[PDB]
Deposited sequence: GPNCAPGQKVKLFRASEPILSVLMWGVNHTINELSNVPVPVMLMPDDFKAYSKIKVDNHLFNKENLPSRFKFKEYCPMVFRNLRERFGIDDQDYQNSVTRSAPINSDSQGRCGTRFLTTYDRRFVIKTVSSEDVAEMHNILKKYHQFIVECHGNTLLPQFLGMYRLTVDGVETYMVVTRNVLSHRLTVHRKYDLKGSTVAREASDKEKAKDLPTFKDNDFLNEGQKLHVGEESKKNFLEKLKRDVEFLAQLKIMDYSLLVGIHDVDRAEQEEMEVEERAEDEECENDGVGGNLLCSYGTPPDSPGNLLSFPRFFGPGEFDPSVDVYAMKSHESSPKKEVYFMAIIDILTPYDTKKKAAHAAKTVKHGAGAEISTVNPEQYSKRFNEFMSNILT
């Protein structure tokens, strides 16, 4: 019984809508492939109850899903079953603009109208690039994109698969950009429960990441693709888990789930698990090489 009980009502609508749209899709056959119109399609639902079912939902709200068929296909190509996606969103309210599902499997990012337009401009090429990868890629894995309307105000959301592990506590996080600029953790951010250490502090800390080659074979392909689409401003996200810090076990992960995880070599000083993926690709060619250059020199 899905009472859509959430820490605030926009999350109740998120849960209701993902539930609703995924059930509707279970009544829509999967095609022999996608058509152009699938890349221009949307679904729209306006809910207007009166004295009914108001305990957790609002009485009036809207939900819009951009390109349901394309995103259902992507979900398939990334190895995610729709009912799993549905349960990760609906079984308990998402948690903390960036959210995660209760099981930390997927992350929900608030985006702008500009970003939604940008994904529409990239979508057919993104999808064919993922067809040609057989999904073996470091780009964000886009699972769904929604517009919610609560109390008159529209909110746009993109759902991705999580870079970090949904089970293993992550001990240090870095947001690398490869720039010839000055990205460093702010003193306010440096005092966070878990800091986000941008580019400079990765070399001012001295962390290396020890292991090998298939990774760069995939990354070069990715950033070539992003530059060739005039995308800039993207970051690479690195997460460090210290096994030693510490049923189930330490350093133990499922690679079918934590798709980006990577075990450290025996030669590493500490026993570690790394997680690595590209993020924030909704906005040029120089940016590619510089960026690649930086990460060219993270691995040992």
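Q: Missing C-alpha stretches, by deposited numbering?
A: In sequence order, the gaps with no modelled C-alpha are 1-9, 106-114, 230-233, 269-312, 350-376.
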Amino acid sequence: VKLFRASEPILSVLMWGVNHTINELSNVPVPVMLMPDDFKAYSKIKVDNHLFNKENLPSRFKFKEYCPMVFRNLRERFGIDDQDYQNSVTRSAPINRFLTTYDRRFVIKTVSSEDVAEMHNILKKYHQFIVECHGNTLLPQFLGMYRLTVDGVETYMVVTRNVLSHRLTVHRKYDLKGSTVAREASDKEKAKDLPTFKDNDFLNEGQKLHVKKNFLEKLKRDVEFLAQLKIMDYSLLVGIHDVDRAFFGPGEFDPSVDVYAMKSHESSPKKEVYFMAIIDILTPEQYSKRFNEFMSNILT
From here on, numbers count along this sequence of modelled residues.
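Q: With reference to the PDB entry, specify whether the mean Cα temperature factor is higher for 104-112 or for 165-173.
A: Here the higher of the two C-alpha B-factor means belongs to 165-173.
Q: Averaging CA B factors per stretch from the PDB record, which one is higher: 30-38 or 266-274?
A: So the stretch with the higher mean C-alpha B-factor is 266-274.
Q: From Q128, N200, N73, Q86, which pick has the Cα B-factor that tops the rest in the entry?
A: It is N200.
Q: Taking the values straight from the PDB record, which of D151, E189, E132, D82 has the highest C-alpha temperature factor?
A: That would be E189.
Q: Pull the Cα B-factor of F215 out of the PDB entry and bin it into the chain's lowest, middle or highest third.
A: Its C-alpha B-factor, which the entry lists for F215, ranks in the highest third among residues of this chain.
Q: Would you mind ranking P255 by its C-alpha B-factor against the rest of the chain and naming the third, lowest, middle or highest?
A: Middle third - that is where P255 ends up once the chain's C-alpha B-factors are sorted.
Q: Check where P9 lands among this chain's C-alpha B-factors and tell me if it's the lowest, middle or highest third.
A: According to the entry, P9 has a C-alpha B-factor in the chain's middle third.
Q: Can you tell me whether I122 has a C-alpha B-factor in the lowest, middle or highest third compared with the other modelled residues of the same chain?
A: Tercile = middle for this residue's CA B-factor.
Q: Sort the modelled residues of this chain by their C-alpha B factor and say whether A261 lands in the lowest, middle or highest third.
A: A261: CA B-factor falls in the middle third of its chain.
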